[PDB]
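Report on the following structure.
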Number of protein chains: 2
Amino acid sequence: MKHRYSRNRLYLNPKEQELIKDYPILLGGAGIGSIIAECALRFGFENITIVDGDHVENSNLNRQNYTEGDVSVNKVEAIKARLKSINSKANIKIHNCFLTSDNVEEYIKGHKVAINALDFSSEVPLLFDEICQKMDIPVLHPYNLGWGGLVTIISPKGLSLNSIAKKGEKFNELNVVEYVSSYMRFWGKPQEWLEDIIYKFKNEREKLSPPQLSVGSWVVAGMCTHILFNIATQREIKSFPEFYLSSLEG
Amino acid sequence: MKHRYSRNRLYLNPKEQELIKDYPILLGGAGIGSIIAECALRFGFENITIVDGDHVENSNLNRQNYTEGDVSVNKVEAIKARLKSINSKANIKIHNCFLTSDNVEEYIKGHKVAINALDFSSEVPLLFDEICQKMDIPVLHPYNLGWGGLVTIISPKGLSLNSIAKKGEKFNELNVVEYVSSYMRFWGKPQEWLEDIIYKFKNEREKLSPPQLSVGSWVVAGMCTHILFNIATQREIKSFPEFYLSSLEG
Ligand SMILES: CCCCCCCC(=O)N[C@@H](CCCCN)C(=O)O
Ligand SMILES: CCCCCCCC(=O)N[C@@H](CCCCN)C(=O)O
């Protein structure tokens with residue numbers, strides 16, 4: 001293995017390090033995804049495509065991979081600068097574009113795995129998954145539950161997130177999180193912290209974006225890197241409606 | 001709360017955000033601690049002292065908070081640059097020196113909590129904890145278990161790591177990790193992945209440094225930030241001999 005991956009030994013053999021080096025990852029969303037990209041790059045995944053159309057905002061600094069100097073810059077330009085300072089020989093391809101129903105299929109082509117970190121206020125979070133399923137591309141959905149990291153993998157031949165959507169209202173991250181907490185309580189392991197923050201968020205007078213913490217960003221980035229390593233080396237993983245939830249109490 | 005910590009709301013109230021802002025943290029060791037430092041800084045902990053005498057090497061980039069440009073610079077110089085580019089008004093005090101029996105007490109004095117990330121090949125890992133107990137400074141011990149993050153907190157009036165050290169034989173991180181695996185198995189939760197890497201590492205022909213992965217580093221950084229927040233806000237915590245273990249498998 002290379003001197004950069006020296007301490008990866010025993011956990012990974014030389015042939016696995018080689019395999020994940022060129023494994024093409026598609027990253028939709030450079031918010032929580034900017035933390036995921038660094039952890040995955042340092043692990044050894046050197047072929048990452050990042051698509052995001054937002055700019056770096058002040059409020060990102062509590063949980064995303066940007067600096068004071070990055071504010072007002074395209075997230076994709078900023079995270080590529082960061083990633084290429086970690087690994088100059090890395091293959092980091094960025095696109096400062098929003099995903100739409102018209103362009104999303106062309107971006108997906110050519111990748112072996114995808115990470116759906118798209119805001120539900122755009123238009124294509126679920127269509128993205130539908131297209132990936134058609135192409136044998138498993139999809140990681142990472143969520144920042146503040147204290148917890150949540151990941152579920154949409155597998156090509158399995159259920160989609162549609163199963164938790166009601167046909168009359170739009171579907172966002174609050175539906176996934178309400179699904180997860182309800183699942184946990186039903187099966188005898190309630191996450192009262194998660195139920196508490198769901199309750200607090202719903203009863204807010206003003207309508208704001210969900211809160212997120214650096215802890216959940218860092219934990220979910222670790223989970224994704226492990227899941228990516230498992231998919232690339234064809235080790236077993238749980239697919240939706242199953243999920244991975246990781247927190248200080250677990 | 002500044003607009004930088006805007007998305008921290010509900011999880012933290014404004015009075016909690018202010019408290020951790022000036023909460024003096026001592027971080028001994030800027031390796032795994034460099035990942036911990038960023039996650040805690042973005043969370044709102046703005047008063048961090050970092051002590052480490054090593055320089056940045058190539059093998060650090062697979063799991064530590066450094067870049068190719070940082071290589072050959074004092075780890076403490078690199079991590080202060082990284083952190084201060086995230087938050088210019090942060091109070092980041094560094095010391096480019098190894099801790100010894102003579103200097104370790106004066107570094108500890110003045111902090112409310114400490115993170116002992118000191119290599120067990122130095123002379124002061126256990127003495128570091130003893131002084132903190134004498135001063136009512138709880139000590140977090142974070143460990144990188146590859147796929148897992150492990151944190152144990154030494155509380156001032158509780159058991160120290162001495163309890164698992166053997167009178168007469170040398171004590172290193174493998175003793176801590178072997179206690180955790182044995183403890184988990186004792187309780188019917190064997191971590192066979194963890195037991196596997198211990199076996200592989202012990203039966204290594206050559207004597208090398210333990211492997212570590214970016215996955216555990218990112219996970220343990222999140223755990224430490226949650227634990228730090230709980231200690232500052234006087235929320236209950238688990239003390240050694242109990243510990244926190246977090247992995248995808250759990
Ligand atoms: C009230 C507590 C619930 C918190 C909601 C989760 C918010 C979140 O994790 N949002 C990601 C987008 C990923 C979505 C993938 N379908 C981001 O803002 O990057
Ligand atoms: C064979 C598997 C066992 C792995 C050993 C754990 C190594 C580790 O986590 N070492 C930290 C130092 C923190 C120590 C705190 N008392 C570092 O190298 O930063």
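By order of appearance in the structure tokens: chains A, B, ..., then residues from 1 within every chain, and ligands from 1 in the order shown.
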
Closest atom pairs, residues of chain B within 10 Å of ligand 2, only C-alpha atoms and all ligand atoms, as a tab-separated table:
```
residue	atom	partner	partner_atom_place_in_ligand_line	distance
B:28	CA	ligand 2	15 (C)	8.9
B:29	CA	ligand 2	19 (O)	6.8
B:30	CA	ligand 2	19 (O)	7.3
B:31	CA	ligand 2	19 (O)	4.6
B:32	CA	ligand 2	19 (O)	4.1
B:33	CA	ligand 2	19 (O)	6.5
B:34	CA	ligand 2	19 (O)	8.8
B:35	CA	ligand 2	19 (O)	9.7
B:60	CA	ligand 2	18 (O)	9.5
B:63	CA	ligand 2	19 (O)	9.4
B:64	CA	ligand 2	19 (O)	8.6
B:115	CA	ligand 2	15 (C)	8.1
B:116	CA	ligand 2	15 (C)	5.2
B:117	CA	ligand 2	13 (C)	3.9
B:118	CA	ligand 2	14 (C)	5.3
B:119	CA	ligand 2	12 (C)	5.0
B:120	CA	ligand 2	14 (C)	6.8
B:121	CA	ligand 2	12 (C)	9.9
B:125	CA	ligand 2	16 (N)	6.6
B:126	CA	ligand 2	16 (N)	8.4
B:128	CA	ligand 2	16 (N)	9.9
B:129	CA	ligand 2	16 (N)	9.5
B:139	CA	ligand 2	16 (N)	9.6
B:140	CA	ligand 2	15 (C)	8.1
B:141	CA	ligand 2	15 (C)	4.7
B:142	CA	ligand 2	15 (C)	5.4
B:143	CA	ligand 2	9 (O)	3.3
B:144	CA	ligand 2	9 (O)	3.7
B:145	CA	ligand 2	4 (C)	5.3
B:146	CA	ligand 2	4 (C)	7.4
B:148	CA	ligand 2	9 (O)	10.0
B:149	CA	ligand 2	9 (O)	8.5
B:150	CA	ligand 2	9 (O)	8.1
B:151	CA	ligand 2	15 (C)	8.8
B:152	CA	ligand 2	16 (N)	9.2
B:161	CA	ligand 2	16 (N)	9.0
B:172	CA	ligand 2	16 (N)	8.2
B:173	CA	ligand 2	5 (C)	5.3
B:174	CA	ligand 2	3 (C)	5.4
B:175	CA	ligand 2	3 (C)	8.8
B:176	CA	ligand 2	5 (C)	8.2
B:177	CA	ligand 2	3 (C)	5.9
B:178	CA	ligand 2	3 (C)	8.1
B:194	CA	ligand 2	2 (C)	7.5
B:195	CA	ligand 2	2 (C)	8.7
B:196	CA	ligand 2	1 (C)	8.9
B:197	CA	ligand 2	1 (C)	5.6
B:198	CA	ligand 2	1 (C)	4.6
B:199	CA	ligand 2	1 (C)	7.8
B:200	CA	ligand 2	1 (C)	7.6
B:201	CA	ligand 2	1 (C)	5.1
B:202	CA	ligand 2	1 (C)	7.3
B:209	CA	ligand 2	5 (C)	8.3
B:210	CA	ligand 2	1 (C)	5.1
B:211	CA	ligand 2	4 (C)	6.3
B:212	CA	ligand 2	7 (C)	6.6
B:213	CA	ligand 2	9 (O)	9.6
B:216	CA	ligand 2	9 (O)	8.6
B:217	CA	ligand 2	9 (O)	8.3
B:220	CA	ligand 2	9 (O)	9.4
```

Check the DSSP output for the backbone and give back, as JSON, numbers by chain, the residues of segment 21-233 of chain A in strand (DSSP E or B).
{"A": [25, 26, 27, 28, 47, 48, 49, 50, 51, 55, 74, 91, 92, 93, 94, 95, 113, 114, 115, 116, 139, 140, 141, 142, 143, 144, 145, 148, 149, 150, 151, 152, 153, 154]}

With the cut-off set at 7 Å and counting only C-alpha atoms, tabulate each residue of chain B with an atom at most that distance from an atom of chain A, showing the nearest atom pair and its distance in Å to one decimal, ordered by chain and increasing number, as a Markdown table.
```
| residue | atom | partner | partner_atom | distance |
| --- | --- | --- | --- | --- |
| B:3 | CA | A:59 | CA | 5.7 |
| B:4 | CA | A:59 | CA | 4.5 |
| B:5 | CA | A:62 | CA | 5.7 |
| B:6 | CA | A:59 | CA | 5.8 |
| B:7 | CA | A:211 | CA | 4.7 |
| B:8 | CA | A:211 | CA | 5.8 |
| B:9 | CA | A:211 | CA | 6.1 |
| B:10 | CA | A:200 | CA | 6.8 |
| B:39 | CA | A:214 | CA | 5.6 |
| B:42 | CA | A:62 | CA | 4.4 |
| B:43 | CA | A:214 | CA | 5.6 |
| B:58 | CA | A:4 | CA | 5.3 |
| B:59 | CA | A:4 | CA | 4.6 |
| B:61 | CA | A:4 | CA | 6.0 |
| B:62 | CA | A:42 | CA | 4.4 |
| B:63 | CA | A:42 | CA | 6.3 |
| B:67 | CA | A:86 | CA | 4.5 |
| B:68 | CA | A:86 | CA | 5.6 |
| B:85 | CA | A:67 | CA | 5.7 |
| B:86 | CA | A:67 | CA | 4.4 |
| B:87 | CA | A:68 | CA | 6.8 |
| B:200 | CA | A:10 | CA | 6.9 |
| B:211 | CA | A:7 | CA | 4.6 |
| B:212 | CA | A:7 | CA | 5.7 |
| B:213 | CA | A:8 | CA | 5.9 |
| B:214 | CA | A:43 | CA | 5.5 |
| B:215 | CA | A:222 | CA | 4.3 |
| B:216 | CA | A:222 | CA | 6.8 |
| B:218 | CA | A:218 | CA | 5.3 |
| B:219 | CA | A:219 | CA | 4.5 |
| B:221 | CA | A:218 | CA | 6.8 |
| B:222 | CA | A:215 | CA | 4.0 |
| B:223 | CA | A:248 | CA | 5.7 |
| B:225 | CA | A:215 | CA | 6.2 |
| B:226 | CA | A:215 | CA | 6.6 |
| B:244 | CA | A:248 | CA | 6.6 |
| B:245 | CA | A:250 | CA | 6.4 |
| B:246 | CA | A:250 | CA | 5.2 |
| B:247 | CA | A:246 | CA | 6.9 |
| B:248 | CA | A:223 | CA | 5.8 |
| B:250 | CA | A:250 | CA | 5.7 |
```

Write out as a count of residues only all residues of segment 73-179 of chain A that DSSP puts in alpha helix (DSSP H) for this structure's backbone.
34

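The shell of residues at most 6 Å from residue 156 of chain A, with only C-alpha atoms counted and near chain neighbours (fewer than 3 positions) removed, consists of residues 133, 136 and 138 of chain A.
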
For atom CA of residue 24 of chain A and atom CA of residue 45 of chain A, quote the distance in Å rounded to one decimal.
8.3 Å

Leaving out residue 14 of chain A and any residue of its chain fewer than 3 positions from it, which residues lie within 7 Å of it when counting only C-alpha atoms, given as an NGL selection string?
:A and (1 or 17-18)

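One distance worth recording is that between atom CA of residue 122 of chain A and atom CA of residue 102 of chain A, which is 12.9 Å.
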
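From atom CA of residue 228 of chain B back to atom 19 (O, counted along the ligand's line) of ligand 1, the distance works out to 24.1 Å.
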